[PDB]
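Form deposited in one PDB entry, single chain, as C-alpha cells, below.
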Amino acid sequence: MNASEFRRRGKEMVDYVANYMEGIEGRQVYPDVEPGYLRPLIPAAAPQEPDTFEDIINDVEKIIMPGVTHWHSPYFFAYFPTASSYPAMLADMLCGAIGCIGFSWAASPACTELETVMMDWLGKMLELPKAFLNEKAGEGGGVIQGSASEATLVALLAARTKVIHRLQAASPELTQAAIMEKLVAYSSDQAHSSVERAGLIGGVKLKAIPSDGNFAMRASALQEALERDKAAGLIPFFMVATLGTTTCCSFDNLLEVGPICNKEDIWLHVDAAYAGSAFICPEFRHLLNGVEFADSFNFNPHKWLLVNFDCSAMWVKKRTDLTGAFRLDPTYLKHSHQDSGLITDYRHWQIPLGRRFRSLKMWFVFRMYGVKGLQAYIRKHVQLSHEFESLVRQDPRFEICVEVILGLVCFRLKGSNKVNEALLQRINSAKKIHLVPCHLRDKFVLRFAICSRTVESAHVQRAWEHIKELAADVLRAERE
C-alpha cells in the first residue's frame, strides 16, 4: 500500500472506529462464542494474493467482533478500567508513523527526551517527592514500562543485584547462589499475582504478610514475619507494598512499613497500578503518604488515566541502581552522547531492548484533557462507585465487605459462598453486565468496578436492578 491509498483507507478506519464507539451500548458486553470459534471461520493458510480492505473490515464485524469482550462498554464492570481516549489514539498513529526504536538516544532523541519530561509532568501532577523526579538535577528519574508486572520484576532484579554486592562486600567469599538461597521478598496477602511471578522469575523466596481487618499491611505483621525469617537465616531484600489492591482496593500503610524497610535495608517498591491515577486529586493524595520512604513507585496510566495500553509509569530514587544492573554496551548500540547526564538510554531500565514513542500518548492526553479534565474524569468514576454502594446499602440482603474509596465496590449476598457463586453465574450467563469475583479470606466476594469512560449514573442503576432481580431468583432456589 502507498500513502494515497492510506489516505482513503485510514479515514475510513477513523469512521469505523468512531461508529463502533458511538454504538458500543448496543453491543453485548460479554461474548456468546465458545472456545475454538475463530479457526473454522478463516482459512488455514495466508493468501498468496492480496485480499481487499472491504473483505477485511467485513470480517472484523462478522468474525472478530462476536469474539470481543467490550472493555469500554458502559456495562463492563470487570477487573479494573483500561484506558481508551481519542488523544492517545491520535498519538499512536503518529508513533507508528515515526516508527522509531528508541533503545538509545541516537535511535531517536525525541523518543527518550519527551519521555523524561512527561514523567516529570506526571510526577508533579501526583505531587511526588522531588527525589523521584529527573529535572536535569538529582539522581532520580522515571521511565515508561510495558506493564506494572514488568516494573515490579525490574525493581526486584535491581534489589537482588544491590543486596548481592552488599553481602559480597561484607563477605567476599560468599557466592551469589548461596545468597540467593537466603534471599526473601515480601508482599501482602492481597497482592497481585505479578509479585509471585517476579519472585519465581528472580529465583527468590516470596512470603505474604497477613493483612488487618481492612486488608492492609501493618507494621505489626511485618515485624512478626521479619522476626521469624531472620531467625531462620533468611535475608529480606525486597518488599512490594500495594496501594489499591486488585481484590478490594485496600491500601497498605506506607508510613508504618516504609521506615521498617529503610532500617532493614529492604528495597520498598510501591504498586499502585489502579489507584495511582487518583493521586492527582488532592482529596486522595493522602493515600500516597509514605512514598518518600520508597525506592521505586509505579502506577498504570493505561488503567485510570486515559493513556491507552501500553503505558506504565515507574519512578526510582537512584537511576544507577537500574542502569548499573544488567548493563551491556555493544559497539553496534554505541553513540557519542552516551556519557551525557542530560539524557539516557532507557534500554537499561527495561527488560526489552527496543521501545516505541509511547510518550506521545502521555503528551497528547495531558494537553488535550488538561490536569483539571483528568481530575474530573477520576471524580466522576468515584461518585458512580459511591452511587452503586448506596444502592447496595439500601438492601439488607447484601453487605459491603470493604470500605469504598476509589471506584471499586466489594459486595455479596449475606450468607453462604454458594449463593454468591450462583448469583455471579446468573449475571455472566445473562451477558447484560460483566463482573468478576474475588476471595477475601474464605469469603466469596463480588466486585463492581467503574471502568468505561462513557459510563453514567443510568448504567450503574440498571446494573443494580439486574443484580437485585437475579439475587431474588437465586435466594429463592436456596430455599428449595
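All residue numbers refer to positions in the sequence shown, first residue = 1. Just so we're on the same page, rigid core means the largest C-alpha set that superposes within 1.5 Å between forms.
There is another form of the same protein, the form deposited in another entry; it is not shown, and what comes next is about it.
Peer 1: Quick one: once the rigid core is lined up, does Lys62 have its C-alpha move by 2 Å or more between the shown form and the other one?
Peer 2: After core superposition, the displacement of the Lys62 C-alpha between the shown form and the other one reaches the 2 Å mark, so yes.
Peer 1: When the two forms are laid on each other by their rigid core, does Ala191 show a Cα shift of 2 Å or more between the shown form and the other one?
Peer 2: Result for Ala191: no, shift under 2 Å.
Peer 1: Please say whether, between the shown form and the other one, the C-alpha of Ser457 moves by 2 Å or more once the core is aligned.
Peer 2: It does not reach a 2 Å shift.
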